[PDB]
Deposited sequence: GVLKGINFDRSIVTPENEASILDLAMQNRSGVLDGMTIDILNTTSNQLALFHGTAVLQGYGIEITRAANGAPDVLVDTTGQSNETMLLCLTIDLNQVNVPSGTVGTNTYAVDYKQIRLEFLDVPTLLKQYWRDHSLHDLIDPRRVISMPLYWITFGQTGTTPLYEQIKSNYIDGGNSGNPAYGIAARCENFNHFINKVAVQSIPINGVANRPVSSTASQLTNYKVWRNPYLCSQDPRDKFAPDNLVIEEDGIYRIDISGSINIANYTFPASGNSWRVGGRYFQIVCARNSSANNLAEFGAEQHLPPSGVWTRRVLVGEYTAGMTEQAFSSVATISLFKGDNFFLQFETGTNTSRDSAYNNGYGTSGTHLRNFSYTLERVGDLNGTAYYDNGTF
C-alpha cells in the first residue's frame, strides 16, 4: 500500500531522520568536526582521540568533551601491524538506556557504535563508500568509516599515525560535500619536450624555463580534494596523473598560452606567408591498472564504449611569439581511473612541429597554464549508460 512517512498520523522513526540527514549530507559520510588523534593521552595500551561530531549514513555520532582524554581506544594485542582505526555502526547490537525522562537521569550506552581497529580487507567489505545500511539491493547492518592509518610497532611503543582526510569534511566543501572542486592550481610555466606526445604535469611540479639555455623543476601551488582525487601512487606517473576516487561527470577547465611557438618563416619561396604548425591539448582517462583507488579498492568499471581521449584545443600556430588558449568540457570519470592532460604536435621542427629547437626561455613552452577539475554530476542509475560513455 501507499505509506506516508511525514504525514499527520505517521510516526517519525530513527531510520527516517537518518535517511533525511543522509540526503542533507548529499549521501556523504564523514567527521564534521574534531575526532583527530590526541598524542599526549596516547600510550602503548591506549589510543586517544579529541571530541567531535561525525555523520555515518545519516546517523549522528558524537565524542563528548569533559575535564581530556575525550575518548580512549584499547590497543592491547595490536603489534607489528598496519591497521585502520574505524568508526563503526552495528545495527545488530542493542543500545541500553538507563534512568528516566521525568528525573534528569536518562542516559544510553550506544553499543551500536564502536571505535575499532580493522585490517584493509575487513574495512573494504563494510566501507560506507561501497555498502549501505539504507541500500536497496544489499542492505547492511554493519558499516564503517576509516579515520586513521595506525602502524603499531613492537610491544611497549606508541604507534605511528596518518589521517584519512577523505573521511573528514574539513573545509573547501561545506555545503556541497559530495561535489565541488576535485583539483586546481595556480598559473605555471612548463617546457615542451621535443616529442610527439607528452603529459602536462598537473601535480605541483613543472619544468619551468629559467634561462636562455635551461629549465628547472619548480614547485607550483596545487590543491586536491582527497575525497575526489589523489596524486598517482606510482612514482613513474606521480607528476602527471590523478587517480579518481569518486565516479561522476566532471568539468575540466584549462587556460594558458603557447610561448615561442614555432612556424614556417615567410620567405619568397612560400609567397611571404606564415606556415602554421598543428598542435592539440587533450584530456585523457585510463583504467588499465586496477586498485589505484584509496585502500587499493576495486575500480568501478566504465560502461562499454567509454571515451579515453578528448580534444580540448586543436589548432595551428599563427606566426605570433605567444598564442593564448582556453577550453571547458564535461567528462565522465570512474573510481580508480587515471586522469591526465597531454600536449600533441609533429616532430619535424622545419615542417610540422609546434615546438622549435631552443631550450629554456628560448624554447617553446606552456606559459600561464592552469586548470580546474570539478565534480558536477553523478553516474547513479540510468546516467551510468546514458552519460557515462563520454
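Enquirer: Numbering from 1, run down the deposited sequence and write out every stretch that has no C-alpha in the structure.
Expert: In the chain as deposited, 1, 69-70 carry no coordinates.
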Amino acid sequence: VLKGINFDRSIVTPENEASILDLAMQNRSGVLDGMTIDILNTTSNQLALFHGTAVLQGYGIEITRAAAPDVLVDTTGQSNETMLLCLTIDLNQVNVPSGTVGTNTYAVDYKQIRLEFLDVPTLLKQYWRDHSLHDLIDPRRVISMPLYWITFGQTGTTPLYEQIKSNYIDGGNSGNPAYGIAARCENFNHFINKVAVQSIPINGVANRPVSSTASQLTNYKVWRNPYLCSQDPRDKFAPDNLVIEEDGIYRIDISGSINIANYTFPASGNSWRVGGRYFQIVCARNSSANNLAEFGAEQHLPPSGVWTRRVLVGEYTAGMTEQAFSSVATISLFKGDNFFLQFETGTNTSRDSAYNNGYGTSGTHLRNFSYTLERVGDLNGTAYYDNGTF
From here on, numbers count along this sequence of modelled residues.
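Enquirer: Does residue 314 have no coordinates in at least a third of the other PDB entries examined?
Expert: In all of the other entries, residue 314 has coordinates.
Enquirer: Should residue 117 be counted as unmodelled in at least a third of the other PDB entries compared?
Expert: No: coordinates for residue 117 present in every compared entry.
Enquirer: Got a sec? Mean C-alpha B-factor, which is higher, 206-214 or 223-231?
Expert: Comparing 223-231 with 206-214, the higher mean C-alpha B-factor belongs to 206-214.
Enquirer: Which wins on mean Cα temperature factor, 151-159 or 299-307?
Expert: Between 151-159 and 299-307, it is 151-159.
Enquirer: Choose from 241, 103, 287, 187 the residue with the greatest Cα B-factor as stated in the PDB record.
Expert: Of the candidates given, the C-alpha B-factor peaks at 103.
Enquirer: Going by the entry, which of 85, 274, 192, 313 has the most elevated CA B factor?
Expert: Largest recorded C-alpha B-factor: 274.
Enquirer: Tell me, lowest, middle or highest third: where does the Cα B factor of residue 61 rank within its chain?
Expert: Its C-alpha B-factor, which the entry lists for residue 61, ranks in the middle third among residues of this chain.
Enquirer: Going by what the PDB entry lists, where does residue 6 fall on CA B-factor within its chain: lowest, middle or highest third?
Expert: CA B-factor rank for residue 6: highest third.
Enquirer: Mind checking which third residue 143 falls in for C-alpha B-factor across the chain?
Expert: According to the entry, residue 143 has a C-alpha B-factor in the chain's middle third.
Enquirer: Name the third of the chain's ranked CA B-factors that contains residue 355, choosing lowest, middle or highest.
Expert: Tercile = middle for this residue's CA B-factor.
Enquirer: Sorting by Cα B-factor within the chain, modelled residues only, which third would residue 33 end up in: lowest, middle or highest?
Expert: Tercile = middle for this residue's CA B-factor.
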